[PDB]
Every structure is written in C-alpha cells, then in structure tokens.
Amino acid sequence: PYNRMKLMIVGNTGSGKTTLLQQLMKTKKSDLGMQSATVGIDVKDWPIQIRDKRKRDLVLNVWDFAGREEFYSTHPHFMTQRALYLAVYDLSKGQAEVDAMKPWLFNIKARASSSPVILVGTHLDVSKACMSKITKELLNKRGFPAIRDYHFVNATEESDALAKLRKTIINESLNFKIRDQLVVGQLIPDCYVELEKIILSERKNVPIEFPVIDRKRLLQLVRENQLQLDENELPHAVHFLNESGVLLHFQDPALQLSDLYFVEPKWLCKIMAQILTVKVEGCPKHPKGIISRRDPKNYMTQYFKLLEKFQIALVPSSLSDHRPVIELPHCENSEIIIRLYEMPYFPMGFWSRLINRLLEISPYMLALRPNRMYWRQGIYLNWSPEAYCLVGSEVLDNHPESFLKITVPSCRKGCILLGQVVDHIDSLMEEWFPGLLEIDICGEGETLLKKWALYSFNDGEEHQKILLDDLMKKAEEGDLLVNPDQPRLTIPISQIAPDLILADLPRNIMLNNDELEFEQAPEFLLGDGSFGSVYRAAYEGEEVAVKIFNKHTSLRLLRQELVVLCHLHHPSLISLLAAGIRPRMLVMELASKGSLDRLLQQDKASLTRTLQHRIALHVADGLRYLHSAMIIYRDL
Amino acid sequence: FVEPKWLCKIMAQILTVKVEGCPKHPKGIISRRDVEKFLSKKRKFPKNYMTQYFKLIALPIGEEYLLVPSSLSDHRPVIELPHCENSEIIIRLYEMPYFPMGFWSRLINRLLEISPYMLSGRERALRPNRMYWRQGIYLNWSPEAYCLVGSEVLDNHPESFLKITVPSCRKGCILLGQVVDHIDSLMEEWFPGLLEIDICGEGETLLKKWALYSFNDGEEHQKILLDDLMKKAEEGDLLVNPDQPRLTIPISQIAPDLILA
Ligand SMILES: Nc1ncnc2c1ncn2[C@@H]1O[C@H](COP(=O)(O)OP(=O)(O)OP(=O)(O)O)[C@@H](O)[C@H]1O
Ligand SMILES: Nc1nc2c(ncn2[C@@H]2O[C@H](COP(=O)(O)OP(=O)(O)O)[C@@H](O)[C@H]2O)c(=O)[nH]1
C-alpha cells in the first residue's frame, strides 16, 4: 500500500496560510515572532500517525501557495489533480473576502476538477459570521468545485475547532476515492517505495546551492542499492514519484532539461520566485515589465535558461496593466472579424502563457517581422493596416464575466491569422485547463466557456454586432450562409468565422461540391483496400479516391493535418486535390494498381525484375524529399 | 466669462472624469454619455456648450467618443520594432532641459494629420496604426515604413529627450523629414524659448538636436549634434571615422533631411 497525498493550501495576500499550518502541524516552537509573506510555495511534509485501530501512518506534504498576486504566474504548474485543497476566509473582512475567494476556487476547478476543497475561516478573535450565508447561497454549487466542509478556526491558538478541522482533513484524505479508486490506500510495486525511500534519504546529501541531480547520479544510486529497475522502468517510476511530489522531473522534450532531476522541491520553487521579487527604483529607461541580463559558479546561465524553459522570460508579470489606446485603420463593422471567449474568470496562468505562445510565432503568413506591444493582457502584433491581430481583454457593460476579444482584418491575410490564433488558444486551453472545456450534460450545458462570434448583416453602421454561439453556428453547416428571420439579406459563413469552413488554408484545396459525384452508401466503390474508409469517385472528370472521415477526427485536427499536407508537393508522394465539409472528406490521386502489399500477396509474377528497382527508386526519392522537409515517416 | 472659477473648474472636471468597473476605454478615452452622467447636474444645453468649448482639451473621435491627450496613460508600453539593427534604423534625438507645459499634448495634436505619403491630398490617404500615450506616438504604414516619436531618459542625464526612430529606407526618410518639419514648426510657434539663441550662451540653445550613427553594426550609437553635420554636409557627403579613415558612412542614412534626401 501507498499512503501519500498532497494537502495544498489556497488563499490570497495574507491570511491563515503559514499560521494555520503551524498548529495544524502542531509546531510548538514558532520561533519567528513576526514572519513575512511566503515567497515561492514553501513545500513541507508532515506525517500523521493516526492513533486509532487503523494504523495507516500516511505522510502527506503541504504546499501552501503564496498569496501575493505577483507569484500567480507560476502557480498552475504545481496544481495537480491528486490532492486535497484548503481555503482561508480571513473572516476579519467578512462578506467581502468570500467574494475574493472565487478566482482561486475557479482556478482550482480549472486545474483539478475532481478534487474536494475545504474552506476554513482563519479569524475569531476579531469580529461578521454571516459569511456562511453567501457560501451557502452562490458559492456552494454554482460552477465552483465540489465543496465538502467549511470551518471557522481561530487559527492563532489550538482549540476544539482546530481539532475538528484536523479530523475533517483526515476523513477527507482517507476518503479521496476519485472515480472509485481510493487513492490514499492504493497498491503499488515495492520498487517504487524503495526508490522513494532512497531518494528522500539522499535528499540530505546534496549541495544546498544546487540540489539538481543528473540522470547519471540516479543510475549510480540505483546501482548502489538492490533495486530491480531497468531503463524501461525509470520513465514511469520517476513520473509516479513526481505525481507524489517527492521530486520534480519534467518530461517535455521541447524544454531541454529532462536530464536534470530536481530533488528537494522547495529549493526549486523558492528559486523560481526570486526573479519576481527583485526590482530597481532608479531610472526607468525600460518600460515596466521588460528586463535584460543583469545580476554563481556558472549557475547564472542555468537560471535564465530555466526561466525561459518555464516561459518566465521580458517578465509577463508586472507588465503595464494599463493599455495604450489603439486606433485601427478599418473599423467600419465589416472589415473586422471578431470572436469572443466569454469565461467566468481568467485562469491564473492564462495570459503569461498565451502572450508567450503567439510571441514566438514570427513566420505568420508563410519571414518578416511584426511590430508588437505587450501589456498584462494583450499582444496586438501588427504588420500593416491590412494585416494585424489584436488579442485584447475587456469587460462588457452589465457583465461580470471576463472576455477575450480577438480582432482581425477580414481580408485574405486575416483568415490565416484568425485560424492560427484560435488554434493556439484552443490548444493551450485544452492542454493547461481541462476543467473548463469539460462538458456538463448533468445540469445545464454551460461548459463555463462560451465562444461567441460577432456578425452584422448591414455593411457597416449596424451600431451593434449580434452574438452567435460557435456550436450553434457550427450545427448550421447544412447551408453556406447565415440569415435572420427576415431572409431578404444574408451573410456568408466565410466572413464571420473562416476557421469552421476550411478558409484559412490555401484556397487551392476548395472542395467544389458542384462538380463532385460520389456514392458513400454503396460498398462496391469502397474497393480501394478492404473494409477501409477510402472510396473511389470521380472529380473534375478524373478518377480519384476520397477518404471519408469518421466522427472521431475533429475539425481542428483535420485542419492541422491539412495545413502541413498542403505544402509538400512532390511527384513521388500522394498529393491532395481537395478537401471539404458535408461530410469531412479528403480527395487524392487514385492509384490504379492499388497498394504494393496486395500485389506481393497475389501477383508475385507481375514484377518484371526491373520494376523491383523502379519502385525502390521512387520510394527512395520520396524518403529523400520527406527527410529534406524535416519530417520523419516512422512507419513504412 | 464673468466667472473665472466656473471655467477653471469645468476644465478641471473634464480632466478628472473617472468611472468604476474598468470600462472599455483605455485610459484617456471618454464617451459623451459617461461625461454627461458623471457630472451630477445633467444639464441639457450647457452640456452641448461644454462639449463645444473644447477649442482650447477633448478632441472628438467618431462623433461619440473623446480623446483627452493630457489624461492618457503615462506608462510607456513594452513596444518592439520590426528592425533592430543599427544599420536599419535612423534615430534623431531632441535633448531638452525639460518638457514645457502642454508640449506632449500639442505634439500629439499636430501629429494627428494623416498625409506623409498622400502629400496633403495629392493621393487620397494612407491610414496607419496608432499607439497613443502621454509621452509618445507610434505610426505604422508597413513593416518597412513606420515612425515612433516618443520620450526617452538616458543614464546619468537630468535632461529629457524626444527619440525619433524610423526605418533606414526611402519611406523612413520621408517620415523623418515630415516629422522633423512638423516638430520644428511646433517649436518655432509655441515654444520659442527653447530655440532662443542666447548671446551669453555663445551660440548655445536649450534645444540640442543629435543624430545617432554607428560605423559597424552592433556597436553603441555615437552622438553628433546637427550644427556640425550641417558643415560636414556643406563640405562633402560622407562621414569619416577619425581613427580609421576607411569606415565611411553617407549623410544619406544618418540625417537625410540635411542633404534633402
Ligand atoms: N489513393 C488511393 N488509391 C488506392 N488505394 C488506396 C489509396 N489510399 C489508400 N488506399 C488503400 O486503401 C486502404 C486504406 O487503408 P488505410 O490507410 O485507411 O488504413 P488504416 O489507416 O490502417 O485504417 P482505418 O483508418 O480504416 O482504421 C489500404 O489498403 C490502402 O492501400
Ligand atoms: N491577528 C491575527 N493574525 C493572523 C491570523 N492568522 C494569520 N495572521 C497573520 O497573517 C500572517 C500570515 O502570513 P501568510 O498569509 O501566511 O503569508 P502569505 O502566504 O505569503 O500570504 C501572520 O504574520 C499573522 O500575523 C489570526 O487569526 N489573527
């Protein structure tokens, strides 16, 4: 059995975070009479030898996150889904700080959507006990994560309330049980436990200034002991240990640090927050937010290399919260495509990653350089009055949510930019915050995020753009135009959302449904292959092979495949001819003789002993072109 | 005006309109509805006169919103540029002891004419992008034609500067010439004291105009005040490095306006 969880503490800018934990841990000393606000996340671990019939002496680690808003950019890295979350009221300012909790709870829901949260009042000596009303009214079960219990400990001193809170923590930890698994008492191989023991023992035998450990040292320690791990067991073992928080290791190939292992996580977390606290009150030659290389044994390079790897370097935090007024050339309600991403709150590490994803993409419309101005919530990378992209962030009147208004020109060069930024935002959103884009069939189908598109029938002077949900607009794919209740006038789909229709791709891949005849229902035209999804049809008067896609392939994935398939164009590689919707198909050249495997299986005599050379030459040419295109075929 | 207090405090009130909730306006943009609702007394015709007496404060934008160049954000945005090589940008500094009162709002108002290429109606127009702020302006026709006229502060210098950056191209030279001509007109009409030739200063004025150059790309910019480049262009057309008389840079790229380039 494995008995180890994470008890993360959550709250804002000064509350019972480092004070509550002391009596929760029953730390008697409390030598620091006046302690400062937390820098980093302050990892600590404390075992609970439960004095009852059950003897599961579980040891769990607390990560009491810093509450100041300047460290908020790095917190979502350490928000795992295998943990129990706390919250702190600061009941001194009752009925007000409960509202201040809502961004934190929303972030917890976005990151760890299936973990219980326990709310804890941290003031009784001062004041205002009506906060439990609002917690029972709007904060209970309205989009927020699954609240389990709420407490009102005095925090300054031990008491019956604190004991009840500790028992509640014990009960909720021992009854975690995500999707009926009972994590707190699951079963793992003993090799993992032994590796954890040796790692936490070696934690005390590393240099303080640099506890980073190379993979060679880990292979040394596995050799010194009698572990039964091989090269094929470490990639899962260290990942499981990382999920338990014993040591942080990163498996992203793009960020070239997977060789290093970060034992003693508190050191790494504290170093991550050192740059965010240094300032200069001198001459403001540089705008607020930008910074260059300014001040040990070769560690200086590794520092900002790690910051760049984490994308904390230009410091996206403390970066010019006020935006300068921007006056676009064409804003006559018809030359601009606008899309909105209405969400209840902005997730913590959203903008610092977003303005760090579109930033590095210089080869747009492909290498020329774009002008750019960065603020805490925008990019606005613009090339010319006819080619730009403004990814802003405003609040609508009489609207408590947060919006992400992307404004792009509607011309040829704007469709590409809109589809390329929408794809990046969607990928970020589904990769970092899966709890937001999560369907909710139970209850109303809110999904928390409503992606709107703005459209106006009148060619300018409409004075207002009508909203339209992107899913409802997507279901309107039967035709090619949208129209109101008064159908005398209509708007093409391409002008208001050129990403749903395959418009951001090069126009030489138009479906051209008028001249295409194709019978999907019969199977005698499926003869290409055997029980496949490819059919035979005729397009432009020529015999071709179409590839009908099932419901599995999403539109975004298909577009991401087509954008790289369209630019290949070699005479030894099957070249695309068209693609389109109704249904999601793909037309390509028809190989008259079919694949080579069937011929080898049944027509072994057809090869005239010199075709065996021509096939090899053509395949070699194809492989040469593919490797010249810096793409690896991987399955031939 | 029989009551000066009323006029002064009306100007003050228009300069201090604030709305809760962080509305869709970046700092320095006000809407007529907001200003009418902000003043507790919702007058009918005096509101029209107040919006019409701003011939002094609040320029009209789109007949529904007002720009207030004296209340714009004073935080210089983190702004990059297409070109960043020393041989691809022309930089002209205007060193001053201090910024006169109303200088940075007069410069913006003057720089809101849009015809540096259309030549005052010879062509139709060419609308650029703009990034107004209290101490600067950015105009962008293309990644090859742009202008950034903004204040700058240098290390260990108690003065204030007006660094103008343009691309080192033909359109960059056109923009530099137009901007320099307009700024010289503004300095001549509204702030003659900075251009005043002090006899006690012996040919020295509060304004000093520098051109930044670099013989080799990557090195630090060196300053030469224009009153020497005028004579050096009277003699020849090239600037020569005194240490190495082979690194020669034309005056067609350090200051094209001197030689009518
Ligand atoms: N353009 C074409 N002309 C002729 N035959 C083709 C063409 N494209 C594919 N085929 C053949 O039709 C069949 C299609 O195989 P396909 O690539 O769809 O297989 P798969 O990806 O493993 O299967 P699936 O996607 O259905 O799970 C194969 O036998 C292939 O050789
Ligand atoms: N009077 C009083 N002060 C408290 C109480 N709980 C916490 N504090 C104060 O809050 C501080 C804790 O700081 P903390 O929130 O952990 O720092 P942060 O995590 O970086 O925001 C301590 O210095 C305490 O003085 C309480 O119940 N009563």
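Residues numbered from 1 in each chain as written, not as in the entry; some residues may be left out. Chains lettered and ligands numbered in written order. Part of a larger assembly, values for the part shown. Heavy atoms only, no water. Residues with missing side-chain atoms left out of burial classes, pairs and counts.

Undergrad: Where do I start with the site of ligand 2 in this structure?
TA: All names here are of chain A. The environment of ligand 2 is made up of 15 residues, and the closest members are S15, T18, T38, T122 and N154. Here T18 contributes a side-chain N or O atom positioned 2.3 Å from an oxygen atom of ligand 2. Taken together, the residues that form the shell around ligand 2 break down as 2 nonpolar, 11 polar and 2 charged. (Near = heavy atom within 4 Å. Polar contact = N/O pair within 3.5 Å; in protein donor to acceptor, adjacent residues only side chain to side chain. Nonpolar A, V, L, I, M, F, W, Y, C, P; charged D, E, K, R; others polar.)

Undergrad: Any chance you could explain the nonpolar core here in plain terms?
TA: Across soluble globular proteins, nonpolar side chains show a tendency to be buried alongside one another. All names here are of chain A. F350 and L404 are the most contacted members of the largest nonpolar core, which totals 38 residues. Counting residues per element, this core draws most heavily on helix α11 (residues 412-432), which supplies 8 residues. Apart from the residues within four sequence positions on either side, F350 is in contact with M343, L404, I425, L428, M429 and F433. Counting 36 residues, the second largest nonpolar core, distinct from the first, contains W63, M79, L91 and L119. (Core = buried A, V, L, I, M, F, W, Y, C linked by side-chain atoms within 4.5 Å. Buried < 20%, exposed > 50% of the residue type's maximum accessible area, 1.4 Å probe, protein only. Helix = DSSP H or I, 4+ residues; strand = E, 2+ residues; numbered from the N terminus. Contact = heavy atoms within 4.5 Å.)

Undergrad: Quick question: what am I supposed to make of the site of ligand 1 here?
TA: Residues and elements named next belong to chain A. Near ligand 1, the surroundings consist of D528, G529, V534, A545, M588, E589, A591, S595 and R598. Note that a nitrogen atom of ligand 1 is positioned 2.8 Å from one of the backbone N or O atoms of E589. The fraction of the free accessible surface of ligand 1 (640 Å²) that becomes covered by protein chains is 53%. Its residues assigned to classes, the shell around ligand 1 comprises 4 nonpolar, 2 polar and 3 charged. (Areas by Shrake-Rupley, 256 points an atom, 1.4 Å probe, with all protein chains shown as cover.)

Undergrad: Explanation requested: helix α4 (residues 103-110) of chain B in the structure shown.
TA: Spacing of three or four residues puts side chains on the same side of an α-helix, whose turn is 3.6 residues. Residue and element names in this part refer to chain B. Within α4 the residues assigned to the buried category are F103, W104, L107 and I108. Down the axis, α4 shows its buried residues gathered within 130° of arc, on one side only. Those residues of α4 that are buried lie in contact with β7 (136-142), β8 (145-150) and α5 (170-189). (Arc of directions from axis to C-beta.)

Undergrad: Please clarify how the UniProt feature "active site" in chain A should be interpreted in this entry.
TA: Per the UniProt record, "active site" is found at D635(A). In this fold, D635(A) is placed in the segment after α16 (611-628). (UniProt positions renumbered as here; feature names shortened; annotations may be inferred.)

Undergrad: How do you make sense of the sheet that holds strand β16 (residues 466-469) of chain A when you look at a structure like this?
TA: Whether parallel or antiparallel, the strands of a sheet pair through hydrogen bonds between backbone atoms. Residues and elements named next belong to chain A. Ordered by their spatial adjacency, 6 strands build an open sheet running β12-β13-β14-β10-β15-β16, and the pairing between neighbours is antiparallel. The sheet terminates laterally at β12 (381-384) and β16, the two strands that pair on one side only. Taken over all neighbouring pairs, the strand axes of this sheet differ in orientation by 20° on average, direction set aside. The sheet contact formed by strand β10 (residues 336-342) and strand β15 (residues 450-455) spans 4 bridges and is antiparallel. Looking across to β15, one finds that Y341 is bridged to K451. Running at roughly 155° to strand β14 (residues 406-409), α11 makes contact with β10, β12, β13 (387-391), β14 and β15 of the sheet. (Pairing = 2+ DSSP bridges. Axes fitted to C-alpha atoms, helices over the stretch in contact; angles between N-to-C directions.)

Undergrad: Mind showing me how you'd approach the pattern of salt bridges here?
TA: Any two side chains of opposite charge can pair, given that their charged atoms come close. All names here are of chain A. Per the stated rule, a full pass over the model turns up 22 salt bridges over all chains. For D499, the salt bridge goes to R339, with nearest N and O atoms at 2.5 Å. Overall, the relative accessible area of 2% leaves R339 in the buried class. With a closest N to O distance of 2.7 Å, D423 and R556 form a salt bridge. Here the residue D423 occupies a position in helix α11, and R556 occupies one in helix α14 (residues 555-565), the gap between them amounting to 133 residues. Look at the salt bridges and you will find they share partners, linking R339, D470 and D499 into a network. (Salt bridge = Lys/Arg side-chain N within 4 Å of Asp/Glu carboxyl O.)

Undergrad: Teacher, can you tell me more about the environment of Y535(A) here?
TA: All names here are of chain A. With respect to the element layout, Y535 can be found in strand β20 (residues 534-539). In this structure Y535 comes out as buried when scored by relative accessible area, which is 9%. C-alpha separation for the pair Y535 and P583, spaced 48 residues apart in sequence, amounts to 13 Å. Not counting residues up to four positions away in its chain, the partners in contact with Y535 are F518, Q520, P522, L525, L526, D528, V544, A545, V546 and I548. A distance of 3.5 Å separates the side chain of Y535 from the side chain of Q520, its partner in a polar contact.

Undergrad: What exactly am I supposed to notice about the interface of chain B and chain A here?
TA: One frequent convention defines the size of an interface as the accessible area lost when the parts assemble. Listed by partner, the interface residues are 34 residues for chain B and 31 residues for chain A. The set of elements that each furnish at least two residues to the side of chain B that touches chain A consists of β4 (78-79), β6 (129-130) and β7 of chain B. In terms of residue class, the side of chain B that touches chain A is made up of 19 nonpolar, 7 polar and 8 charged. Pairing of strand β11 (residues 373-374) of chain A with β4(B) involves 2 bridges; the strand directions are antiparallel. Of the residues in β4(B), the one forming a bridge with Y374(A) is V78(B).

Undergrad: When you look at the packing of α11(A) against α14(A) in this model, what are you seeing that I'm missing?
TA: Helix-helix packing is characterised by the crossing angle of the two axes and by the distance between the axes. Residue and element names in this part refer to chain A. In contact at an axis separation of 12 Å, α11 and α14 are set at 125° when each is read in the N-to-C sense. Between α11 and α14, the interaxial angle falls into the category oblique. In terms of crossing hand, the pair formed by α11 and α14 is left-handed. For the pair formed by α11 and α14, the contact residues are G419, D423, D426, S427 and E430 on the first element and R556, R559 and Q560 on the second. (Parallel < 35°, antiparallel > 145°, perpendicular 65-115°, else oblique. Left-handed = near helix turned anticlockwise from the far one by under 90°.)

Undergrad: What is the right way to look at the packing of aromatic side chains in this model?
TA: Under the counting rule described, the total for this entry stands at 27 aromatic pairs over all chains. Arranged with centres 5.3 Å apart and planes meeting at 90°, the rings of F103(B) and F191(B) form a pair that is edge-to-face. Here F103(B), found in helix α4, pairs with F191(B), found in the loop between α5 and α6 (192-195); they are 88 residues apart in sequence, far enough to count as distant. Across the pair, exposure class does not vary: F103(B) and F191(B) are buried alike. Linked through ring pairs, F346(A), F350(A), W351(A) and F433(A) together constitute an aromatic cluster. Just above the ring of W432(A) sits the side chain of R353(A); from NZ or CZ to the centre is 5.6 Å. (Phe/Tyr/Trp six-rings, centres within 6.5 Å; stacked < 30°, edge-to-face > 60°. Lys NZ or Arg CZ within 6 Å of the ring centre and 35° of its normal.)

Undergrad: It is not clear to me how the packing of α4(B) against α5(B) should be interpreted in this structure. Could you clarify?
TA: Residues and elements named next belong to chain B. α5 packs onto α4 with a crossing angle of 135° between their chain directions and a minimal axis gap of 10 Å. Viewed along their axes, α4 and α5 adopt a mutual orientation that is oblique. In the crossing of α4 with α5, the sense of the turn from one axis to the other is right-handed. On α5, the residues that touch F103, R106, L107 and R110 of α4 are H182, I183, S185, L186 and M187. Of the residues contributing to the contact of α4 with α5, the split by class is 5 nonpolar, 2 polar and 2 charged.

Undergrad: Can you walk me through a negative patch on the surface in this structure?
TA: Residue and element names in this part refer to chain A. There is a patch of like negative charges on the surface, built from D514, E515, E517 and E540. Among the structural elements, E540 can be located in the loop between β20 and β21 (542-547). Residue classification places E540 among the partly exposed residues on the basis of a relative accessible area of 49%. (Patch = residues over 30% accessible without salt bridge, like charges linked within 9 Å, V, L, I, M, F, W, Y side chains within 5 Å. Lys, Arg positive; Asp, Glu negative; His and termini not counted. Charge placed at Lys NZ, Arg CZ, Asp CG, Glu CD.)

Undergrad: Would you mind going over a nonpolar patch on the surface with me for this structure?
TA: All names here are of chain A. Together, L596, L600, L611, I615, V619, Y633 and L636 line one region of the surface with nonpolar side chains, adding up to about 640 Å² of accessible area. Mapped onto the nonpolar patch, the elements with two or more residues apiece are α15 (596-602) and α16. Here the nonpolar patch gets 3 residues from one element, more than from any other, and that element is α16. Its location among the elements puts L611 in helix α16.

Undergrad: What should I look at first to understand the environment of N382(A) in this one?
TA: Considering the arrangement of structural elements, one finds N382(A) in strand β12. Separated by 88 residues in the primary sequence, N382(A) and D470(A) place their C-alpha atoms 26 Å from one another. Beyond its immediate stretch of four places on either side in the chain, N382(A) contacts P370(A), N371(A), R372(A), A387(A), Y388(A), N129(B) and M131(B). Within polar-contact distance, the side chain of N382(A) engages the side chain of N371(A) at 2.6 Å. A polar atom in the side chain of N382(A) sits 3.0 Å from the side chain of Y380(A).

Undergrad: How do you make sense of the sheet that holds strand β1 (residues 6-9) of chain A when you look at a structure like this?
TA: Residue and element names in this part refer to chain A. The mixed open sheet is built from 6 strands, whose spatial order is β2-β3-β1-β4-β5-β6. Each of the sheet's edge strands pairs with one partner strand only, and the pair in question is β2 (43-47) and β6 (147-151). Strand-to-strand twist of the sheet, defined as the mean angle between neighbouring strand axes without regard to direction, takes the value 20°. Pairing analysis gives 2 bridges linking β1 to strand β4 (residues 84-88), with the strands arranged parallel. Across the sheet, residue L7 finds its bridge partner in β4, namely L84. Sheet strands in contact with helix α4 (residues 160-174) are β1, β2, β4, β5 (117-120) and β6, and its direction is about 165° off that of β6.

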